[PDB]
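As stored in work-v3.txt (compact mmCIF, C-alpha atoms and all ligand atoms):
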```txt
# COMPACT_ATOMS: atom_id res chain seq x y z
CA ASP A 88 18.71 -12.06 1.71
CA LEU A 89 16.60 -10.95 -1.30
CA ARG A 90 18.58 -10.58 -4.57
CA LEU A 91 18.06 -7.67 -6.98
CA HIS A 92 16.86 -8.26 -10.56
CA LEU A 93 16.49 -5.25 -12.88
CA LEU A 94 13.66 -5.64 -15.39
CA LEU A 95 14.62 -7.26 -18.69
CA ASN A 96 12.18 -4.84 -20.39
CA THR A 97 14.28 -1.72 -19.86
CA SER A 98 11.45 0.51 -21.22
CA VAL A 99 9.65 0.13 -17.84
CA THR A 100 11.52 2.68 -15.78
CA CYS A 101 11.88 4.63 -12.54
CA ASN A 102 11.26 8.38 -12.66
CA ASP A 103 14.62 9.24 -14.25
CA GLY A 104 14.51 6.55 -16.99
CA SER A 105 16.72 4.01 -15.15
CA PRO A 106 15.23 0.49 -15.16
CA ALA A 107 12.80 -0.53 -12.42
CA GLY A 108 13.22 -3.88 -10.69
CA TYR A 109 12.45 -6.30 -7.84
CA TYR A 110 14.27 -8.22 -5.07
CA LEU A 111 13.60 -11.99 -4.90
CA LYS A 112 14.20 -14.89 -2.49
CA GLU A 113 12.82 -18.17 -3.83
CA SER A 114 11.40 -20.92 -1.62
CA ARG A 115 11.44 -24.09 -3.67
CA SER A 117 6.35 -23.41 -1.74
CA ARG A 118 3.46 -22.43 -3.96
CA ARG A 119 2.85 -19.18 -2.01
CA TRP A 120 4.11 -15.84 -3.42
CA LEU A 121 4.24 -12.54 -1.50
CA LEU A 122 4.78 -9.41 -3.66
CA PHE A 123 5.32 -6.35 -1.43
CA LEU A 124 4.92 -2.71 -2.58
CA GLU A 125 7.18 -0.16 -0.84
CA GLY A 126 5.81 3.25 0.24
CA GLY A 127 7.16 6.81 0.50
CA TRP A 128 4.68 9.69 -0.29
CA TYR A 129 4.58 11.04 -3.90
CA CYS A 130 5.33 14.13 -6.04
CA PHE A 131 2.93 15.87 -8.41
CA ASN A 132 4.64 18.71 -10.34
CA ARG A 133 8.04 19.69 -11.74
CA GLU A 134 9.17 21.71 -8.73
CA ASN A 135 8.39 19.18 -5.98
CA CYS A 136 9.60 16.22 -8.08
CA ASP A 137 12.90 18.11 -8.67
CA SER A 138 13.26 18.61 -4.90
CA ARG A 139 12.55 14.91 -4.25
CA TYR A 140 15.21 13.95 -6.83
CA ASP A 141 17.94 15.59 -4.80
CA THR A 142 17.25 14.25 -1.31
CA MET A 143 15.12 11.10 -1.94
CA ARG A 144 16.86 9.77 -5.04
CA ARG A 145 16.48 6.04 -4.30
CA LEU A 146 12.69 6.73 -4.53
CA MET A 147 13.20 8.08 -8.10
CA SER A 148 16.09 6.01 -9.58
CA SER A 149 17.68 2.53 -9.51
CA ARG A 150 21.22 3.83 -10.20
CA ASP A 151 22.27 3.51 -6.52
CA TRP A 152 20.29 0.41 -5.38
CA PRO A 153 22.20 -2.30 -3.46
CA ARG A 154 22.62 -5.80 -4.91
CA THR A 155 20.73 -7.38 -1.99
CA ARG A 156 18.30 -6.57 0.83
CA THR A 157 17.30 -8.29 4.09
CA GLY A 158 13.67 -9.35 4.44
CA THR A 159 12.04 -8.11 7.67
CA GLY A 160 8.65 -8.57 9.36
CA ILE A 161 6.22 -10.27 6.98
CA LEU A 162 9.14 -10.49 4.49
CA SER A 163 11.30 -12.47 6.97
CA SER A 164 12.06 -16.15 6.23
CA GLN A 165 12.55 -16.92 9.95
CA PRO A 166 9.46 -18.32 11.77
CA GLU A 167 10.56 -16.53 14.97
CA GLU A 168 10.05 -13.17 13.23
CA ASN A 169 7.26 -14.15 10.77
CA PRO A 170 4.76 -16.69 12.17
CA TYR A 171 2.50 -16.14 9.11
CA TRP A 172 4.30 -16.84 5.78
CA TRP A 173 7.97 -17.49 6.65
CA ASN A 174 8.31 -20.27 4.01
CA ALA A 175 6.82 -18.26 1.11
CA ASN A 176 8.52 -17.00 -2.03
CA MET A 177 9.39 -13.37 -1.13
CA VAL A 178 9.41 -10.34 -3.51
CA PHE A 179 10.15 -6.70 -2.55
CA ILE A 180 9.30 -4.14 -5.27
CA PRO A 181 11.01 -0.76 -4.65
CA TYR A 182 8.91 2.35 -5.07
CA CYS A 183 10.72 4.53 -7.63
CA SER A 184 7.76 6.07 -9.52
CA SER A 185 6.41 8.68 -6.99
CA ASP A 186 2.85 8.10 -8.31
CA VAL A 187 1.15 5.97 -5.59
CA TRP A 188 1.76 3.03 -8.00
CA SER A 189 -0.80 4.47 -10.51
CA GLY A 190 1.20 5.94 -13.39
CA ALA A 191 1.42 4.88 -17.05
CA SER A 192 3.61 7.55 -18.71
CA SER A 193 7.17 7.38 -20.14
CA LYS A 194 9.92 10.00 -20.12
CA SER A 195 9.87 11.75 -23.51
CA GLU A 196 10.39 15.07 -25.25
CA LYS A 197 7.25 16.33 -23.43
CA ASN A 198 7.73 14.63 -20.00
CA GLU A 199 10.78 15.30 -17.77
CA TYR A 200 10.00 12.24 -15.58
CA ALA A 201 8.48 8.82 -16.24
CA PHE A 202 5.59 7.73 -13.98
CA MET A 203 5.20 3.98 -14.58
CA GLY A 204 4.05 2.48 -11.24
CA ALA A 205 1.07 0.55 -12.68
CA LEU A 206 3.25 -0.85 -15.48
CA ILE A 207 6.11 -1.74 -13.09
CA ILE A 208 3.76 -4.10 -11.18
CA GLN A 209 2.55 -5.71 -14.44
CA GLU A 210 6.09 -6.23 -15.76
CA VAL A 211 7.30 -7.70 -12.43
CA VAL A 212 4.44 -10.23 -12.47
CA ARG A 213 5.11 -11.14 -16.12
CA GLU A 214 8.84 -11.70 -15.55
CA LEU A 215 8.20 -13.77 -12.37
CA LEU A 216 5.93 -16.23 -14.24
CA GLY A 217 9.12 -17.62 -15.88
CA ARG A 218 10.86 -17.98 -12.48
CA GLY A 219 8.23 -20.16 -10.77
CA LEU A 220 5.17 -17.91 -10.34
CA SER A 221 3.45 -20.06 -13.02
CA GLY A 222 3.16 -22.79 -10.38
CA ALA A 223 1.66 -20.64 -7.61
CA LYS A 224 -1.53 -21.35 -5.66
CA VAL A 225 -1.81 -17.91 -3.97
CA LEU A 226 -0.30 -14.54 -4.93
CA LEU A 227 -0.65 -12.01 -2.07
CA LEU A 228 -0.10 -8.42 -3.22
CA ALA A 229 0.92 -6.53 -0.09
CA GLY A 230 2.09 -2.95 0.54
CA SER A 231 2.66 -0.23 3.19
CA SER A 232 1.67 3.49 3.15
CA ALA A 233 1.73 4.60 -0.52
CA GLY A 234 2.21 0.90 -1.33
CA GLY A 235 -0.92 0.02 0.66
CA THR A 236 -2.96 2.43 -1.45
CA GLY A 237 -1.14 0.83 -4.44
CA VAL A 238 -2.55 -2.59 -3.45
CA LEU A 239 -6.11 -1.21 -3.60
CA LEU A 240 -5.45 0.40 -7.03
CA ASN A 241 -3.74 -2.66 -8.62
CA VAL A 242 -4.87 -6.01 -7.07
CA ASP A 243 -7.77 -6.54 -9.53
CA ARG A 244 -5.52 -5.60 -12.46
CA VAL A 245 -3.04 -8.35 -11.46
CA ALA A 246 -5.93 -10.81 -11.26
CA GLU A 247 -7.09 -9.77 -14.75
CA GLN A 248 -3.54 -9.98 -16.17
CA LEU A 249 -3.09 -13.56 -14.91
CA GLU A 250 -6.52 -14.59 -16.24
CA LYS A 251 -5.65 -13.22 -19.72
CA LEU A 252 -2.21 -14.90 -19.81
CA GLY A 253 -3.78 -18.30 -19.11
CA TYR A 254 -3.24 -18.81 -15.33
CA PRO A 255 -6.77 -18.94 -13.89
CA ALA A 256 -5.77 -21.19 -10.93
CA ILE A 257 -3.62 -18.57 -9.16
CA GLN A 258 -5.72 -16.98 -6.40
CA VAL A 259 -4.86 -13.23 -6.19
CA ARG A 260 -5.45 -11.47 -2.82
CA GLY A 261 -4.47 -8.09 -1.37
CA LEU A 262 -3.04 -6.86 1.96
CA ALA A 263 -3.25 -3.05 2.31
CA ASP A 264 -1.27 -1.63 5.29
CA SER A 265 -1.56 2.06 6.30
CA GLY A 266 -3.07 3.08 2.94
CA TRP A 267 -6.69 3.69 4.07
CA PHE A 268 -7.12 7.51 4.21
CA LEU A 269 -10.10 9.84 4.79
CA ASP A 270 -10.87 12.94 2.71
CA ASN A 271 -12.04 14.61 5.92
CA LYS A 272 -12.28 18.13 7.28
CA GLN A 273 -8.85 19.35 8.31
CA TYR A 274 -8.06 20.71 11.78
CA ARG A 275 -6.65 23.93 10.25
CA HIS A 276 -7.37 25.06 6.66
CA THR A 277 -5.02 26.13 3.82
CA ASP A 278 -5.80 26.73 0.16
CA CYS A 279 -3.64 24.82 -2.32
CA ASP A 281 2.18 25.30 -2.95
CA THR A 282 3.26 21.81 -1.93
CA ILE A 283 2.82 21.96 1.84
CA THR A 284 -0.58 23.73 1.75
CA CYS A 285 -2.15 21.38 -0.87
CA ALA A 286 -4.69 18.93 0.62
CA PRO A 287 -4.51 15.31 -0.65
CA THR A 288 -7.69 15.61 -2.71
CA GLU A 289 -6.25 18.55 -4.67
CA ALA A 290 -2.72 17.10 -4.84
CA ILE A 291 -4.00 13.74 -6.15
CA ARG A 292 -6.26 15.45 -8.73
CA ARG A 293 -3.19 17.26 -10.09
CA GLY A 294 -0.98 14.16 -9.82
CA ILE A 295 -3.31 11.97 -11.90
CA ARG A 296 -2.97 14.43 -14.80
CA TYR A 297 0.83 14.70 -14.35
CA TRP A 298 1.31 10.93 -14.15
CA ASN A 299 -1.34 9.71 -16.56
CA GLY A 300 -2.69 7.89 -13.51
CA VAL A 301 -4.96 4.85 -13.83
CA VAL A 302 -7.55 3.56 -11.34
CA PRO A 303 -9.64 0.32 -11.15
CA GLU A 304 -12.19 0.19 -13.98
CA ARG A 305 -15.34 -0.39 -11.87
CA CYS A 306 -14.40 2.58 -9.65
CA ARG A 307 -13.62 4.73 -12.71
CA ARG A 308 -17.06 3.96 -14.13
CA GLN A 309 -18.74 5.16 -10.91
CA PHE A 310 -16.96 8.50 -10.48
CA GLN A 311 -16.22 9.20 -14.20
CA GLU A 312 -14.03 11.74 -15.97
CA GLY A 313 -12.23 14.26 -13.80
CA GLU A 314 -13.24 12.53 -10.56
CA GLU A 315 -10.80 9.57 -10.55
CA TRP A 316 -9.10 11.02 -7.42
CA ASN A 317 -11.99 9.44 -5.44
CA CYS A 318 -10.58 5.98 -6.17
CA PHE A 319 -7.40 6.74 -4.17
CA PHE A 320 -9.54 6.73 -0.98
CA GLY A 321 -9.94 3.23 0.43
CA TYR A 322 -13.53 3.39 1.66
CA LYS A 323 -14.59 4.48 -1.88
CA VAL A 324 -12.54 2.01 -3.98
CA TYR A 325 -12.81 -1.10 -1.70
CA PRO A 326 -16.53 -1.85 -2.46
CA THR A 327 -15.68 -1.95 -6.21
CA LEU A 328 -12.99 -4.64 -5.87
CA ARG A 329 -13.53 -8.34 -6.55
CA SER A 330 -10.32 -9.80 -5.06
CA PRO A 331 -10.29 -10.47 -1.27
CA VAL A 332 -8.45 -7.62 0.52
CA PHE A 333 -7.29 -7.54 4.17
CA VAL A 334 -7.04 -3.93 5.52
CA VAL A 335 -4.52 -2.93 8.25
CA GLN A 336 -4.89 0.66 9.51
CA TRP A 337 -3.99 2.53 12.70
CA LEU A 338 -7.03 4.47 13.93
CA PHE A 339 -4.84 7.54 14.49
CA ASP A 340 -2.37 7.23 11.59
CA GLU A 341 0.47 9.79 11.77
CA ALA A 342 0.31 10.52 8.03
CA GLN A 343 -3.45 11.17 8.20
CA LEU A 344 -2.96 13.56 11.12
CA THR A 345 -0.14 15.36 9.27
CA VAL A 346 -2.26 16.03 6.20
CA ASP A 347 -5.01 17.18 8.61
CA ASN A 348 -2.55 19.86 9.87
CA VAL A 349 -2.36 18.26 13.35
CA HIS A 350 1.06 18.21 15.02
CA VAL A 356 -4.33 18.90 24.14
CA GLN A 357 -7.21 21.37 24.49
CA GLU A 358 -10.91 20.59 24.03
CA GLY A 359 -11.21 21.44 20.33
CA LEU A 360 -8.31 19.17 19.33
CA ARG A 361 -9.43 16.38 21.70
CA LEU A 362 -12.82 16.25 20.00
CA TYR A 363 -11.15 16.39 16.56
CA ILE A 364 -8.90 13.39 17.35
CA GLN A 365 -11.72 11.38 18.92
CA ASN A 366 -14.00 12.04 15.93
CA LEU A 367 -11.22 10.92 13.53
CA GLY A 368 -10.96 7.57 15.34
CA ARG A 369 -14.75 7.13 15.26
CA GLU A 370 -14.91 7.98 11.54
CA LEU A 371 -12.15 5.50 10.68
CA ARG A 372 -13.88 2.77 12.73
CA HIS A 373 -17.13 3.54 10.87
CA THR A 374 -15.54 3.02 7.44
CA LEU A 375 -14.31 -0.44 8.53
CA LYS A 376 -17.67 -1.68 9.93
CA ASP A 377 -18.44 -3.70 6.77
CA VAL A 378 -14.83 -4.75 5.99
CA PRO A 379 -14.80 -8.39 7.20
CA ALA A 380 -10.97 -8.87 7.13
CA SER A 381 -9.27 -6.01 8.97
CA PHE A 382 -6.88 -5.08 11.82
CA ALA A 383 -7.28 -1.55 13.22
CA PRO A 384 -5.61 -0.76 16.58
CA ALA A 385 -6.18 2.46 18.57
CA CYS A 386 -2.62 3.80 18.21
CA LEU A 387 -0.84 6.96 17.05
CA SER A 388 1.78 5.43 14.77
CA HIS A 389 3.47 5.31 11.40
CA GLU A 390 4.93 1.80 11.99
CA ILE A 391 4.45 -0.76 9.19
CA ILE A 392 4.24 -4.55 8.71
CA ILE A 393 7.82 -5.00 7.49
CA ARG A 394 9.16 -4.04 10.93
CA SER A 395 10.83 -6.84 12.86
CA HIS A 396 8.59 -6.48 15.95
CA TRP A 397 5.33 -6.51 13.98
CA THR A 398 3.97 -9.47 16.00
CA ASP A 399 3.76 -7.52 19.31
CA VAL A 400 0.54 -5.47 18.80
CA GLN A 401 -2.79 -7.20 19.57
CA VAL A 402 -6.48 -6.32 19.13
CA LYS A 403 -8.85 -8.10 21.58
CA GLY A 404 -5.93 -10.41 22.38
CA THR A 405 -5.19 -11.39 18.74
CA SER A 406 -1.99 -10.49 16.88
CA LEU A 407 -1.84 -9.56 13.20
CA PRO A 408 0.10 -12.73 12.19
CA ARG A 409 -2.70 -14.75 13.80
CA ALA A 410 -5.45 -12.71 12.10
CA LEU A 411 -3.77 -13.23 8.72
CA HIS A 412 -3.53 -17.01 9.35
CA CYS A 413 -7.26 -17.03 10.25
CA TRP A 414 -7.92 -15.14 6.99
CA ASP A 415 -6.08 -17.92 5.12
CA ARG A 416 -8.30 -20.53 6.81
CA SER A 417 -11.45 -18.55 5.95
CA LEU A 418 -10.50 -18.66 2.24
CA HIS A 419 -10.14 -22.48 2.10
CA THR A 427 -18.82 -19.87 8.75
CA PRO A 428 -16.71 -17.80 11.21
CA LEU A 429 -13.98 -19.82 12.89
CA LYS A 430 -14.00 -20.71 16.62
CA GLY A 431 -11.29 -18.59 18.29
CA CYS A 432 -9.77 -17.52 14.92
CA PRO A 433 -11.12 -14.01 14.19
CA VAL A 434 -10.47 -11.94 11.08
CA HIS A 435 -12.36 -8.64 11.90
CA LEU A 436 -10.36 -6.86 14.66
CA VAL A 437 -11.18 -3.16 15.20
CA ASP A 438 -10.49 -1.39 18.50
CA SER A 439 -13.40 0.46 20.12
CA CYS A 440 -11.57 2.58 22.70
CA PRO A 441 -11.40 6.24 21.69
CA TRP A 442 -7.85 7.66 22.32
CA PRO A 443 -4.27 6.86 21.15
CA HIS A 444 -2.65 4.12 23.27
CA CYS A 445 -5.89 3.10 25.01
CA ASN A 446 -4.68 -0.26 23.68
CA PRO A 447 -1.70 -1.24 25.89
CA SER A 448 0.05 -3.19 23.06
CA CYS A 449 0.59 -0.04 20.91
CA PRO A 450 4.11 0.49 19.50
CA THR A 451 6.28 2.36 21.97
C1 LIG A 501 7.86 -3.53 -22.54
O1 LIG A 501 6.91 -2.84 -21.72
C2 LIG A 501 6.06 -1.94 -22.45
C3 LIG A 501 5.21 -1.24 -21.42
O2 LIG A 501 4.28 -2.14 -20.83
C4 LIG A 501 5.24 -2.72 -23.47
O3 LIG A 501 4.45 -1.81 -24.23
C5 LIG A 501 6.15 -3.54 -24.37
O4 LIG A 501 5.37 -4.43 -25.17
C6 LIG A 501 7.13 -4.39 -23.56
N1 LIG A 501 8.08 -5.06 -24.44
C7 LIG A 501 8.29 -6.38 -24.41
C8 LIG A 501 9.31 -6.90 -25.39
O5 LIG A 501 7.70 -7.12 -23.64
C1 LIG A 502 0.55 8.33 -0.47
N1 LIG A 502 0.27 7.77 0.84
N2 LIG A 502 1.15 7.76 1.88
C2 LIG A 502 0.58 7.19 2.93
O1 LIG A 502 1.13 7.05 3.99
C3 LIG A 502 -0.71 6.82 2.53
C4 LIG A 502 -0.87 7.21 1.19
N3 LIG A 502 -2.03 7.08 0.31
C5 LIG A 502 -2.96 8.20 0.12
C6 LIG A 502 -4.19 8.01 -0.50
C7 LIG A 502 -5.07 9.06 -0.67
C8 LIG A 502 -4.72 10.34 -0.23
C9 LIG A 502 -3.49 10.54 0.38
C10 LIG A 502 -2.62 9.47 0.56
```
Show me this structure written as structure tokens.
Ligand SMILES: *[C@@H]1O[C@H](CO)[C@@H](O)[C@H](O)[C@H]1NC(C)=O
Ligand SMILES: Cn1[nH]c(=O)cc1Nc1ccccc1
Amino acid sequence: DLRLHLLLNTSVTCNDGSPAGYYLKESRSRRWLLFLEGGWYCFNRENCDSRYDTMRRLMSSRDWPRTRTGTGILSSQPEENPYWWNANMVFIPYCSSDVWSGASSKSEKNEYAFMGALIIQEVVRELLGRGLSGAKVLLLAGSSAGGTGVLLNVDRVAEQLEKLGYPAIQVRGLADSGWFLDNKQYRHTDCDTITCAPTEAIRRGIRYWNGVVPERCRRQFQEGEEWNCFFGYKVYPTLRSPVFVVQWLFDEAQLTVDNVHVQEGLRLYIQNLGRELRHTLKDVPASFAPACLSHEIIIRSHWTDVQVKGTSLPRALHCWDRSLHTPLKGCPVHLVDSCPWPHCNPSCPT
């Protein structure tokens, strides 16, 4: 089990001012896995108020359990986790509703705190006194909103460790189901909560959260256009840390924001979405992109079952490790399906 620790710096908070935190299982290993939880976001008073009543664990630590069980890539059992079962394991709950980008406290002017970027920094700082100072590799992983969080924060963790005097820790990122397209939608609605497209919702969110993006991406798109850096294919080329990208070609969250819930028009729309996603990954050398309609994530216990070209994700991640010690005989790291319809890969989740 992973044991809860609330942050000693109680000024770094969840949305409602309760302290943020992390769950830890030590492996007395020089590998550290820090995993970012997902769970959408909120971007104004009214839809944050709604989220506070029916998704409170995503806005508050007041009700968190004292322990959690690690699953999938967070499992310590080699049967379930062929990749990193003997690593030090950290699960960081998502309680900031800001795609891990915020840097704003609750105050007389702000009903909620949005501190996702500062939560990650404070977790890292507090872990350095519990053994992270001796690490050889720190893998910042995440699913869904947490996968986009990896892309927004992995270079900031690398910079933080460099400035604290730990240049020998290699920082890497693993972004699962956080690689979205700002594409044409299947049906169109002007921007309330359910009609607001991600580009418009994220533009408003950044202002509401005091959201922060990677500096080299911010310098490209400049003031008012930071929303671009929340889209993987736009932020990835600006990053210096090695990042492995896991993305379903037909991700259920992407289709939902595209107002898709089969005749010829919709068939062509779905096939073109798969082709577009494949295109954005052509020059991403470490990636795993199966042709499935899914919302399943890498902390699920049966994560080893899906294969691309006969290679599982735990194997691809191991080959990635070897590549960071020129391609490796029988140990591939770039695995993108080419077939054009959901479940044309037989290993897709059932
Ligand atoms: C607590 O965290 C805040 C936000 O990062 C920071 O400004 C402050 O210096 C921290 N306090 C201590 C004692 O580390
Ligand atoms: C928030 N979230 N939830 C997911 O499942 C994926 C994301 N990231 C995202 C990035 C840009 C635009 C829209 C969403």
Pull the closest atom pair for each residue of chain A that gets at most 8 Å from ligand LIG 501 (chain A), along with the distance in Å to one decimal, counting all atoms listed in the file, ordering rows by chain and then ascending residue number, as a Markdown table.
```
| residue | atom | partner | partner_atom | distance |
| --- | --- | --- | --- | --- |
| A:96 | CA | A:LIG501 | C1 | 5.0 |
| A:97 | CA | A:LIG501 | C1 | 7.2 |
| A:98 | CA | A:LIG501 | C1 | 5.6 |
| A:99 | CA | A:LIG501 | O1 | 5.6 |
| A:206 | CA | A:LIG501 | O2 | 5.6 |
| A:207 | CA | A:LIG501 | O2 | 8.0 |
| A:209 | CA | A:LIG501 | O2 | 7.5 |
| A:210 | CA | A:LIG501 | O2 | 6.8 |
```
Q) When the cut-off is 9 Å and you count only C-alpha atoms and all ligand atoms, which residues lie near ligand LIG 502 (chain A), shown as a PyMOL selection string? A) chain A and resi 126-129+185-187+231-237+264-270+286-288+290-291+316-321+340-343+346+389
Written selection (C-alpha atoms) as an mmCIF file, in the coordinates of the input:
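Writing done, so here's selection-v3.cif:
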```
data_model
loop_
_atom_site.group_PDB
_atom_site.id
_atom_site.type_symbol
_atom_site.label_atom_id
_atom_site.label_comp_id
_atom_site.auth_asym_id
_atom_site.auth_seq_id
_atom_site.Cartn_x
_atom_site.Cartn_y
_atom_site.Cartn_z
ATOM 1 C CA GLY A 126 5.810 3.250 0.240
ATOM 2 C CA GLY A 127 7.160 6.810 0.500
ATOM 3 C CA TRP A 128 4.680 9.690 -0.290
ATOM 4 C CA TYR A 129 4.580 11.040 -3.900
ATOM 5 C CA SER A 185 6.410 8.680 -6.990
ATOM 6 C CA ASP A 186 2.850 8.100 -8.310
ATOM 7 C CA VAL A 187 1.150 5.970 -5.590
ATOM 8 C CA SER A 231 2.660 -0.230 3.190
ATOM 9 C CA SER A 232 1.670 3.490 3.150
ATOM 10 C CA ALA A 233 1.730 4.600 -0.520
ATOM 11 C CA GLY A 234 2.210 0.900 -1.330
ATOM 12 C CA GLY A 235 -0.920 0.020 0.660
ATOM 13 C CA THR A 236 -2.960 2.430 -1.450
ATOM 14 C CA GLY A 237 -1.140 0.830 -4.440
ATOM 15 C CA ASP A 264 -1.270 -1.630 5.290
ATOM 16 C CA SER A 265 -1.560 2.060 6.300
ATOM 17 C CA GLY A 266 -3.070 3.080 2.940
ATOM 18 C CA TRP A 267 -6.690 3.690 4.070
ATOM 19 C CA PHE A 268 -7.120 7.510 4.210
ATOM 20 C CA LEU A 269 -10.100 9.840 4.790
ATOM 21 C CA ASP A 270 -10.870 12.940 2.710
ATOM 22 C CA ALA A 286 -4.690 18.930 0.620
ATOM 23 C CA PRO A 287 -4.510 15.310 -0.650
ATOM 24 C CA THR A 288 -7.690 15.610 -2.710
ATOM 25 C CA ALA A 290 -2.720 17.100 -4.840
ATOM 26 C CA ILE A 291 -4.000 13.740 -6.150
ATOM 27 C CA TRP A 316 -9.100 11.020 -7.420
ATOM 28 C CA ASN A 317 -11.990 9.440 -5.440
ATOM 29 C CA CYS A 318 -10.580 5.980 -6.170
ATOM 30 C CA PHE A 319 -7.400 6.740 -4.170
ATOM 31 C CA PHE A 320 -9.540 6.730 -0.980
ATOM 32 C CA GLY A 321 -9.940 3.230 0.430
ATOM 33 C CA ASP A 340 -2.370 7.230 11.590
ATOM 34 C CA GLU A 341 0.470 9.790 11.770
ATOM 35 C CA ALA A 342 0.310 10.520 8.030
ATOM 36 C CA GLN A 343 -3.450 11.170 8.200
ATOM 37 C CA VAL A 346 -2.260 16.030 6.200
ATOM 38 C CA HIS A 389 3.470 5.310 11.400
#
```
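When all atoms listed in the file are used to measure the gap to residue 325 (chain A), the shortest distance among A:360, A:252, A:413, A:302 belongs to A:302.
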Q. Which is closer to residue 414 (chain A) than all the others in A:363, A:333, A:442, A:202, using all atoms listed in the file?
A. A:333
Q: Using only C-alpha atoms, pick whichever of A:112, A:224, A:293, A:90 has the shortest atom-to-atom distance to residue 419 (chain A).
A: A:224
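Straight-line separation from CA of residue 222 (chain A) to CA of residue 239 (chain A): 24.4 Å.
Considering all atoms listed in the file, the residue among A:297, A:375, A:253, A:217 positioned nearest to residue 197 (chain A) is A:297.
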Restore N, CA, C and O atoms in region 180-192 of chain A and list the result as an mmCIF file, keeping the file's coordinate frame.
```cif
data_model
loop_
_atom_site.group_PDB
_atom_site.id
_atom_site.type_symbol
_atom_site.label_atom_id
_atom_site.label_comp_id
_atom_site.auth_asym_id
_atom_site.auth_seq_id
_atom_site.Cartn_x
_atom_site.Cartn_y
_atom_site.Cartn_z
ATOM 1 N N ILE A 180 9.278 -5.034 -4.111
ATOM 2 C CA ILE A 180 9.300 -4.140 -5.270
ATOM 3 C C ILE A 180 9.565 -2.714 -4.790
ATOM 4 O O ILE A 180 8.644 -2.068 -4.235
ATOM 5 N N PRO A 181 10.744 -2.154 -5.049
ATOM 6 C CA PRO A 181 11.010 -0.760 -4.650
ATOM 7 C C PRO A 181 10.114 0.235 -5.351
ATOM 8 O O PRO A 181 9.785 0.113 -6.534
ATOM 9 N N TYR A 182 9.759 1.261 -4.604
ATOM 10 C CA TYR A 182 8.910 2.350 -5.070
ATOM 11 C C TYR A 182 9.829 3.418 -5.664
ATOM 12 O O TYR A 182 10.498 4.156 -4.937
ATOM 13 N N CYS A 183 9.902 3.485 -7.001
ATOM 14 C CA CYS A 183 10.720 4.530 -7.630
ATOM 15 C C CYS A 183 9.938 5.324 -8.670
ATOM 16 O O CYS A 183 10.547 5.905 -9.581
ATOM 17 N N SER A 184 8.599 5.375 -8.548
ATOM 18 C CA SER A 184 7.760 6.070 -9.520
ATOM 19 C C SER A 184 6.977 7.264 -8.955
ATOM 20 O O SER A 184 6.377 8.012 -9.744
ATOM 21 N N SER A 185 6.966 7.475 -7.626
ATOM 22 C CA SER A 185 6.410 8.680 -6.990
ATOM 23 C C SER A 185 4.958 8.960 -7.367
ATOM 24 O O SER A 185 4.521 10.103 -7.288
ATOM 25 N N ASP A 186 4.180 7.926 -7.730
ATOM 26 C CA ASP A 186 2.850 8.100 -8.310
ATOM 27 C C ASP A 186 1.789 7.255 -7.591
ATOM 28 O O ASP A 186 0.730 6.955 -8.169
ATOM 29 N N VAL A 187 2.052 6.847 -6.355
ATOM 30 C CA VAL A 187 1.150 5.970 -5.590
ATOM 31 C C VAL A 187 0.869 4.690 -6.391
ATOM 32 O O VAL A 187 -0.193 4.065 -6.249
ATOM 33 N N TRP A 188 1.851 4.252 -7.191
ATOM 34 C CA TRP A 188 1.760 3.030 -8.000
ATOM 35 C C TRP A 188 0.656 3.091 -9.072
ATOM 36 O O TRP A 188 0.158 2.046 -9.512
ATOM 37 N N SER A 189 0.295 4.299 -9.548
ATOM 38 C CA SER A 189 -0.800 4.470 -10.510
ATOM 39 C C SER A 189 -0.389 4.879 -11.912
ATOM 40 O O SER A 189 -1.245 4.875 -12.816
ATOM 41 N N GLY A 190 0.872 5.250 -12.146
ATOM 42 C CA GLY A 190 1.200 5.940 -13.390
ATOM 43 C C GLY A 190 1.377 5.009 -14.586
ATOM 44 O O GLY A 190 1.754 3.842 -14.465
ATOM 45 N N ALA A 191 1.140 5.572 -15.784
ATOM 46 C CA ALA A 191 1.420 4.880 -17.050
ATOM 47 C C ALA A 191 1.889 5.901 -18.101
ATOM 48 O O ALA A 191 1.245 6.120 -19.119
ATOM 49 N N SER A 192 3.053 6.508 -17.850
ATOM 50 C CA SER A 192 3.610 7.550 -18.710
ATOM 51 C C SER A 192 5.137 7.431 -18.747
ATOM 52 O O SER A 192 5.774 7.300 -17.695
#
```
